[PDB]
Structure formats: structure tokens, C-alpha cells
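S.K.: dropping in the first section of the assembly, placed as in the complex:
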Amino acid sequence: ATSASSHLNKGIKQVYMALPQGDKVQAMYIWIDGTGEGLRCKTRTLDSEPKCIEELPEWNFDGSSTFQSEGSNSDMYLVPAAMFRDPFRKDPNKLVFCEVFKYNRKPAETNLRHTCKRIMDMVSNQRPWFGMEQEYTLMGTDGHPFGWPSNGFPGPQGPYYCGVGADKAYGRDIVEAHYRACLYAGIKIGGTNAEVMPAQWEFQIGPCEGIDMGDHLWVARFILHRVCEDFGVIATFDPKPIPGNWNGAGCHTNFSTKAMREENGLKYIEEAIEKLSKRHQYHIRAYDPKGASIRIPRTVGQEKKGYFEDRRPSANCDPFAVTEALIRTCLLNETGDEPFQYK
């Protein structure tokens, strides 16, 4: 099944979209829900196209409707963090990803970006690069994977991974649209592939210099949601969408530094892996918003330089928390149940 809005005549929408916009420019503010994994958005009008993120004014929203404020002082604030081109509106309109504050102007329970940015600024000399692969499932509005038979299973696993064909890959139009929208918007998307079960896909984001990783992955998730809403399907990042033998279906984070990219970086990668081996429980706790767990590429080992792979994060993981934990455990040499405060 598909949503009722997807059955509206989209040619009418495209007739209205093709009107010359004028001097005004629409900016769609995007922020993370109070649940830690949802995204909320609302569009305002700017008198002119902003050249930089600093020209974007701050905004506010009702936090009581977003699961992240109390009744007495419900208003929260939106401080713009990253700016991207609007694929849906095709320019000069801008997507504005923003942080959330409380009435006290202090980071919200779900604003993990504020600290993550501080951590990345501390280790800015090492220039960390992250690459994150996000796996999702396309679902109908009836709660079942898109293109699956009603009350039924498509078939045994094996033909669908990177498959091509009407019976091999489901909803590739969503994937192509999302890829093109992320390219236009400036997201650092590096590729896509179809996963082992049909209607399950994956897009990779990276390499990114820092908080760019979290910003790009969150905006890529938003673009996926908007594109799927246009098509009338649902993008699910739940680690266990369909019950069965398949277990993980989660994000993989690739971490490198300046030293690891240069010669004799394999020993730095080994040191980082050994440091991570001690903090397994902390990373398992941090990755959840509520063969090998950590793996090394063999091509990197042959070249003795490169990156590593962490298979532990789930699909609904928060990139800010993941990257901050990876930096703290490896670069900052932190140990303990709770992170230290670099006040």
C-alpha cells in the first residue's frame, strides 16, 4: 500500500512548482525530534538568498508537540548549524539543519551536536575522517516492506543483494531520486546498493571532515524521508524491520585520522582498535539512541594505511554520538562508564 497523498495528481504540483518564484527564498528548518531519531521541519521565507549559514536567523518551535519540553515553557529554539541546497524546491531555496536549545539556551537532551562539535574542535589537528553506511527498508503504509506480497514473503534470500530486475529490487526509483537529491543538495553521498532482502537498501555518506559527518547523515536521512513521502512509502531505519533470521541491518562507521592515512598508519589503526576493544560496552550504550564487531579492511592492511570499520552501530544510530564516542575512545584515550567533561 501507498499513502493517499501519493495518489494526488503530481502534474498539478509540478505546474505550480514551475512558477517563477521571485525575489523571496524559502528556507526549510530541520531539527532532530525529542525521541532522538525523528526529524521535524518547517519552512520560513527570507527576503534574499543567504550566502552563508550566519545570515540565517534563529527560529523557535513548540517543544510540547515535539516530546522535548514541559508545559510551562514549551518554546524551544532553532539555531542554524548547516546549510544545503533544497533539492525539492530546486534553488535558491535552502535546507537549514539546526540545533535545538531549551528556554535556558542550553543544549536539549537530544542535541548531541553541541558537545560533538566541541570534541571535533578539540581534535581538529588530527583531521578525523568518517564514513557511514546507512541501511534502510522501504515499507508501505500498511507496515509491510514495499513490494512484498500481502501476507507473504518474496522468496528465499540470495537473488536480491545488488540485484537488478522487477523481481530483484523493489523501489529503485526512491533510491535514484534520493541519490540525485543528495548530490544536488551537496551531501557527500558516495554510493548505494541493494541489500539482501528486497526493498532494503543502503547509502554511504563520506568521507567527512568532522561534524560534517553528522550533518550530512542527518540531512541525507531527511532527504530520504521527503523523497519517500513524495513516493508515498516509508523509510525505516529500525534495525529489525521484518522478523526473521536477518539480525543486524545496521550502520557501519569507517574511521580514519591524518596519521592513519599516511604511511605506517596501520599501527595507529591497530592502536585504535585495541583502545576500542576495552570500551565495547560504552560504545554499545552510546550507539543506541534509547563476523567481527570491529573490522579492518584487507586492502588497507595490504597498503598498510587507511581506515577501519565499526559494524556495531545500528541503523537508527545518532551519528553525532557515534563519532564523538569514536573520537573520545581513540584520540582522547578516555576510559570509564561516563565521559569526562572538557570544561
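M.R.: Nice, thanks for sending it over. Numbers count the residues shown, from 1 in each chain, chains lettered A, B, ... in the order given.
S.K.: for the most centrally placed residue in chain A, pull up the helix or strand it's in.
M.R.: By C-alpha atoms, centre = their mean, chain A has its centre lying nearest to residue A:217, at 2.9 Å. For residue A:217, the element it lies in under DSSP states H and E is helix A:211-231.
S.K.: okay, that helix in PDB with CA atoms only?
M.R.: What follows is helix A:211-231, C-alpha atoms only, in PDB (Å, rounded to 0.1, in the frame of the first residue of the first chain):
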ATOM      1  CA  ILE A 211      30.700  17.300  12.400                       C
ATOM      2  CA  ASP A 212      30.200  17.300   8.700                       C
ATOM      3  CA  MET A 213      29.600  13.600   9.100                       C
ATOM      4  CA  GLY A 214      26.700  14.000  11.500                       C
ATOM      5  CA  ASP A 215      25.200  16.900   9.500                       C
ATOM      6  CA  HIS A 216      25.400  15.100   6.200                       C
ATOM      7  CA  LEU A 217      24.000  11.900   7.500                       C
ATOM      8  CA  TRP A 218      21.100  13.600   9.200                       C
ATOM      9  CA  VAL A 219      20.300  15.700   6.100                       C
ATOM     10  CA  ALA A 220      20.500  12.600   4.000                       C
ATOM     11  CA  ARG A 221      18.000  10.900   6.300                       C
ATOM     12  CA  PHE A 222      15.700  13.900   5.900                       C
ATOM     13  CA  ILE A 223      16.000  13.800   2.200                       C
ATOM     14  CA  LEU A 224      15.200  10.100   2.200                       C
ATOM     15  CA  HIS A 225      12.100  10.800   4.300                       C
ATOM     16  CA  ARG A 226      11.000  13.700   2.000                       C
ATOM     17  CA  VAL A 227      11.600  11.600  -1.200                       C
ATOM     18  CA  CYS A 228       9.800   8.600   0.200                       C
ATOM     19  CA  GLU A 229       6.900  10.900   1.300                       C
ATOM     20  CA  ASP A 230       6.700  12.100  -2.300                       C
ATOM     21  CA  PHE A 231       6.600   8.500  -3.500                       C
END
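S.K.: and the very next helix or strand once past that helix, how far out from the chain middle?
M.R.: Where DSSP H and E defines the elements, the next helix or strand beyond helix A:211-231 is strand A:234-236. The chain centre lies 13 Å from the centre of strand A:234-236; the measure is C-alpha atoms, centre = their mean, to the nearest Å.
S.K.: now for chain B:
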Amino acid sequence: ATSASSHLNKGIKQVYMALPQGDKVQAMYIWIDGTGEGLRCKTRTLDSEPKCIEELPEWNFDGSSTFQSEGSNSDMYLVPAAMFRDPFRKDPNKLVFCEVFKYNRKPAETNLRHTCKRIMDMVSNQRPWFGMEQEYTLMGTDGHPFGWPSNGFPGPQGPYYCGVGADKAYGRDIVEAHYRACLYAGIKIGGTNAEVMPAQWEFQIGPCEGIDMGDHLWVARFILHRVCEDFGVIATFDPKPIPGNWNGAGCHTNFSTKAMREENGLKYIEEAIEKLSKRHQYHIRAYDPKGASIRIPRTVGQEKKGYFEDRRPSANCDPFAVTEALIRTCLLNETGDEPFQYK
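M.R.: If we add chain B to the chains shown above, we get the following:
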């Protein structure tokens, strides 16, 4: 459900629309129904494109069919008031919002613009600015909200406010089309967002210098109706569309003056609020066509200058009456059950 006209082949319509129009120009006269909240329209042909509103001739219509005239002398008059570009016809065609007169050439029961314009002209030195947020619900032709399940509720409140996704926001194509149409037509639309229940949305109009507020909000309502008619859905401004816990779902009016925008304007805002506190019943009567009721932004209080917010008007309110009452109570210092006549 959607209307039968929405299932006509719209590509045929766009083939006919793309014909070179020629020297003639079509103007769609729009006026307020006798009910006080409905809109009526009819298009004529002009030999040339009018540069200003004064070139638009007066027109007439059958008031017996519009609930606002008696049988003996049914004819009413249309005097053009505001001119906008026609989004639907894409230029040089014009939307003409007009006032209604009786056979006596005297303002109609529903023409509240004529007095409101006089009031705004009296206080033109203070330069009042209004901002109005209009909340509407998208409904099917079956009387239920669009995208809702038949005989059913979408789910608990909370995921839908400013939500993105096929299961989070219903009928966003209508919203995008209406936003672009209002931009092209010259309406001062400042942004939109999705409301707490799905298929419920809101657009903000403002700031506006005067009767511009009423003109822009009425033409924005007309554009919403035309766009929804193109999509085959209904835009409802009823304050209580769906029975349940949700109560208000009504317009919010933001009022500022020249003094309140300048430094030390917070005391002027406080004076206006104190004046409004006495005339609560009068404003409640005037807003109906048939936490705090009046609120102050906290950012304005921190900056000690700006505007205030009135949460009392409903969604089907008449902007002319609302703005006239706000001016009379605050700027004109009027008191009493009935307004004074500045003859």
C-alpha cells in the same frame, strides 16, 4: 476520497493552458460571500493588461445567489480593491479582490473592508503591522480529513507536528503548491508548518502595512481553495474540524506599531495588552463571523521591542474585523459594547 474533477486528465488541461494567450487578459474577480466566510469568483476579459488597480472596471453579480440580497433588487456591485498576479493562469492575467456594495452603493453586510480601511487610514501615521497565522485542515469530499483511514483515526498525537514522512504529513503537495502560488501572486506569505494532527497545516501571512493584511489573508484563502480544488481536496477553516480533545485550531494575530518596533516599545506593548484585557468580550464577539488568550513573545521581551500575539481569533475569522478591532481597542482607546462612528 477526492472530487471527480480531480480525476480528469490534467495533462489535457496543461496542453490547453500552454496555448499562447494573445493580447487579451483574463481577470478573476473575487469577493466575500454573504455568509462572511465564503469566497466567490468569476473571470472577465480585459483588452489590455492593467498596470494598476484603478484600470480595473467595476462589475456586478446576482446577490440572490450569494445569500446577500433580496429578490426585488438582487444585483450587487464589485469595486476592485486589490490586484495580484494570477498563479493559476501564469500572467498577464490578474486576480482582483473586490468589495461588495448594495444597489444603494452602500457597503454590504459582509463588506467589513470599507470601514476597516477608514480606520487604518485614520491611524496611518502609527503604521500598524499585523501578522496572521492561518490554520486549516485538508479534508476529502467525504467529510473526513484527507489521508485519514476510513472510519478511523491515524494514531496518537505527537509525531505529526512539523513531521516529515508518508505517515507523518498528509497532503504536503497542496501546501507546496499553495506556497508557490502565493509567492508568485505577490502574497506576503512568511512560512508554513504541519500541525499536531495529520492533514492539518498552517500558513503565516505578514508583516503587512494595513488593509494589506486583510487583502493578503483573503487572497491567500482563495488561492488555498483553488489549489485544493485542483487537487480535489477541501480546505476547511472550521475551528473544530474533527471532534476530539483538540479545541482551538484557530488564527493567531501578531500586532505591532511604529512605537513598539522602536526602542522602549515594550511599555507600549504592555499598554496595548492592558487595553485589550478590558475589551475581551468585544473582541470575542468581533472575531467570530456569526495558555494565555493574549500572549507576548519572550524574544521581544528580551529585546524590549517588537510585537504581541493574540491567540483568541478562530480559523474562520474575518481579518478586516480582527485588525479593525485591534486598532480600535489599542490605538483609538475606544471602550463600549458598540464601536464609535468616526463620521
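S.K.: just to revisit the earlier point, isn't the residue nearest to the centre of chain A right up against residue A:130?
M.R.: No. Contact criterion C-beta atoms under 8 Å: residue A:217 and residue A:130 do not qualify, at 9.0 Å. Where C-beta positions appear, they are placed from N, C-alpha and C, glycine not excepted.
S.K.: tell me, what's touching these two both at once?
M.R.: Residues touching both residue A:217 and residue A:130 (C-beta atoms under 8 Å, 6 or more residues apart in numbering or on different chains): residue A:319.
S.K.: tell me, how many residues neighbour residue A:127?
M.R.: Neighbour count for residue A:127, taken as other C-beta atoms under 10 Å in any protein chain shown: 14.
S.K.: how about the one 5 residues further on?
M.R.: A count of neighbours around residue A:132, defined by other C-beta under 10 Å, yields 27.
S.K.: for residue A:7, same thing?
M.R.: Residues near residue A:7, counting by other C-beta under 10 Å, number 12.
S.K.: ok, for it, nearest residue in space, not its chain neighbours?
M.R.: residue A:232 (7.3 Å; C-beta to C-beta, 6 or more residues apart in numbering or on different chains).
S.K.: and residue A:204, that one's in a strand?
M.R.: Yes. Using DSSP: H, G, I helix; E, B strand; the rest coil, the assignment for residue A:204 is a strand.
S.K.: who's it bridged to?
M.R.: Residues in a beta bridge with residue A:204, per DSSP bridges, are residue A:133, residue A:191.
S.K.: surely it and residue A:187 touch.
M.R.: No. Using C-beta under 8 Å, residue A:204 makes no contact with residue A:187, being 10.9 Å away.
S.K.: say whether chain B is contacted by the helix holding residue A:217.
M.R.: Yes. Helix A:211-231 reaches chain B (C-beta under 8 Å from any C-beta of the partner chain) through A:222, A:225, A:226, A:228, A:229, A:231.
S.K.: likewise stretch A:240-255?
M.R.: No. Stretch A:240-255 lies out of reach of chain B by C-beta under 8 Å from any C-beta, never closer than 14.2 Å.
S.K.: may I see the buried residues of that stretch?
M.R.: Under the neighbour-count criterion of 16 or more other C-beta atoms under 10 Å in any protein chain shown, stretch A:240-255 has A:241, A:242, A:249, A:250, A:251, A:252, A:253, A:254, A:255 buried.
S.K.: slot chain C in:
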Amino acid sequence: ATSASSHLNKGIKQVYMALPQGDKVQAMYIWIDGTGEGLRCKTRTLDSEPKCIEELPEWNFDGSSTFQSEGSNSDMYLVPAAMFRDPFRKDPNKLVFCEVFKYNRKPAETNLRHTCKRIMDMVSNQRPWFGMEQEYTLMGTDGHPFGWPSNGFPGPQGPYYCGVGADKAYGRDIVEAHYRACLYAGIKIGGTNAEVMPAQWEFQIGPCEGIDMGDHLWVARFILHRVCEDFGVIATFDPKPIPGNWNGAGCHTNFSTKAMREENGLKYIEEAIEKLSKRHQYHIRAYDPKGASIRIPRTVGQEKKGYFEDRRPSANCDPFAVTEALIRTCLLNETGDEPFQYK
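M.R.: So that you can see how it sits with the rest, here is chain C on the chains above:
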């Protein structure tokens, strides 16, 4: 029946596709499945458009999901072999057909290209030209031929071969789209025709200089699968799609050399046919991935120069194996159950 993805609004997809892509370029790596007849693909991002195939980097994939690797070392490699323009993405994006390696960097069980390329390089002086005609059937997602009646047969054979009409040819849009996509991508497609039963078609690829034959036929098969996926139908190369009197429905390979194209080449063609007559069982074994069998054109015989036709290969045949066997039996004069190793 058609796939559920085909019922998505494709106008939305085309709106997203028309976005200006930017400096980045998407390359879709394509490789042969472990089954020997399936195709797998996945797209990456390149910083610039590659001018030649050598600029394409090597890649890797999970061979456990592709029926061609064991659990311990599942990773396989993709070495680019041929580059074509991407019809689906309309440039500068590129389709990259690649060979598969094991973790040992040794040809995979299904990588028959590596040896075939060696064989063609050995006989490069003779300049062999191959022409292959591929016959396929368009099927619904319900496992029946496209356009056929449910639980029914279209009619007696005879009106459908090269037929024109709604009741004569089924799914010609797929054929036209595939032909245009192969032209744009640079495939050497020489023509198409409709076969004796409806929804069955055939496209010819050739002439090709060498491994170009295998590359072009495999990429043409991939383009057919992608186009059919866009239309929501399935392209089947099974030699026996629908049970009945029809038997072969398989590929025909046309083989010529430099000598056979020149004058008095008919005797060379006769020598090649006599050599092939001895190795019938070997070619029957090699053609399977798991009137006359070999025929001569009469126009060639009248002109005493040209090519021959082999009707023995099936529709799901591997072009690399077919062309390698044809070269080895004719040009290399090989005899025996197993081919010799030119180490």
C-alpha cells in the same frame, strides 16, 4: 501483473532526475552473479568523469550474498573491464562492467572473461567478428508472459512473428526503450524483431571485434533488465519459458574471421564447419552455464565470403564461453574433452 514499484509515480522520479547533477559522477559497477547467468550492480560516486576505463578504481562486494564465496573470506573484487554511457542517468554517469576475482586475486568460477580475453588476444591477428542474437520473453511478476490472458493462451502461432498491432506484439515499449538505451550507451545493437509468440522478442548484437562481443551482450542484458524493471516486467532468457510445442528460443552466434570476409573465404567457412562438426558435444557442454545445428547463410554462399551461423547456443548462454569455444575449435584446432592451457 506488473511489479508494485512500476505503479509509483514516475513523474516524481523524473522531477528528481532533472536536477542539475553537479561535478560528481555516478558509476554503476556491474558484474556476473555466481550462478553464471544473473547480473549484480551497485553504484559509487566519482569526483570527476573518467575519460578511460583505467581511471575507474577497483571495488569489492560481499560474495556470500552472491552465491560465489565461502563464509571465512566472503569479499570478492571488482576489476573494471568495459565502460559505457549510462542511459538511465543520461551522462556523465557511467556503466562499468567488471570482472570478479577471489580473495586470492584469481578469476572466479564465473569469471569466464579472463580466459576468453587471453584466447582473443592470442588470435588477435585473425580479427574474429561475432554476431549474437538474443531472444527473450517479457513476463509479468506472476510468472506468466506479459499481456497473456490469465490462465490462458493468446492464440495460435503465426500472426505474431514481426507482428504490429495491439493484438500482435506485446510490450513493444520495453523493446523501443531498450534499443534506444543500448544505442546511447554505445552497445553495438544491430536490430530487433518480434518472435513467433507474443511478448517474445529478440535483439541482435554485432559485429564485435573480440571480447567486445561478450561485453556488449552482457551489458545489453543488463540494460534490458533495468528497462524492464522500470516498466515493471521481467526479461527471461530461459530457453523454455512457456511449456508447449516451441522448443529452442535460444541465441544464435554468427562467426567470421579476416580470411572468411575476404575473397575465397567460403572454403575457410567450410573448414570451420567441419572442425565444429567433430566438437559438437564440447560446444553443447560449453554453451549451457550449468533444421541445422550449424548453418551457413545462402547469401554468403552466393558471394562466396562472409560468416556462418551457430543455432546451438541457448538464450541464457554465456557469450564469453561461446566465443572462446568457437575460437578454440576453429582457429586453435583444439580437440579433446577438456581445453588445453596456453600457460
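S.K.: once more on the neighbour count of residue A:7, this time with chain C?
M.R.: Look at residue A:7: counted by other C-beta under 10 Å, it has 13 neighbours.
S.K.: repeat that for residue A:341.
M.R.: A count of nearby residues for residue A:341, using other C-beta under 10 Å, gives 6.
S.K.: got it, and residue A:112?
M.R.: Residues near residue A:112, counting by other C-beta under 10 Å, number 23.
S.K.: what do you get for residue A:107?
M.R.: Residue A:107 has 15 neighbouring residues, counting by other C-beta under 10 Å.
S.K.: how much space separates it from residue A:116?
M.R.: To residue A:116, residue A:107 is 10 Å away according to C-beta to C-beta, to the nearest Å.
S.K.: cool, and residue A:313?
M.R.: Distance, residue A:313 to residue A:116, by C-beta to C-beta: 14 Å.
S.K.: same question, residue A:146
M.R.: To residue A:116, residue A:146 is 33 Å away according to C-beta to C-beta.
S.K.: and the nearest residue to residue A:293 once chain neighbours are set aside, what does it touch?
M.R.: Take residue A:293 and drop its neighbours on the chain: the residue closest to it by C-beta to C-beta, 6+ apart is residue A:312, 5.1 Å away. By C-beta under 8 Å, 6+ apart, residue A:312 lies in contact with A:250, A:280, A:283, A:284, A:287, A:293, A:294.
S.K.: pretty sure the second one is touching residue A:286, no?
M.R.: Spelled out, that is residue A:280. No. The criterion here is C-beta under 8 Å, and residue A:280 misses it with residue A:286 at 10.9 Å.
S.K.: more crowded one of those two?
M.R.: The neighbour comparison of residue A:280 against residue A:286 (other C-beta under 10 Å) goes to residue A:286, with 22 against 13.
S.K.: host element of the more buried one?
M.R.: Here residue A:286 is assigned to helix A:280-287, by DSSP H and E.
S.K.: list the buried ones in that helix?
M.R.: A:282, A:283, A:286, A:287.
S.K.: list just the nearest of these to residue A:155.
M.R.: Closest approach to residue A:155 among these (C-beta to C-beta): residue A:287, at 31.8 Å.
S.K.: residues contacting the closest one?
M.R.: A:312, A:313, A:314, A:317, A:318, A:321, A:322, A:325.
S.K.: and the last one, what are its phi and psi?
M.R.: The phi/psi pair for residue A:325 (degrees, to the nearest 10) reads phi -60, psi -40.
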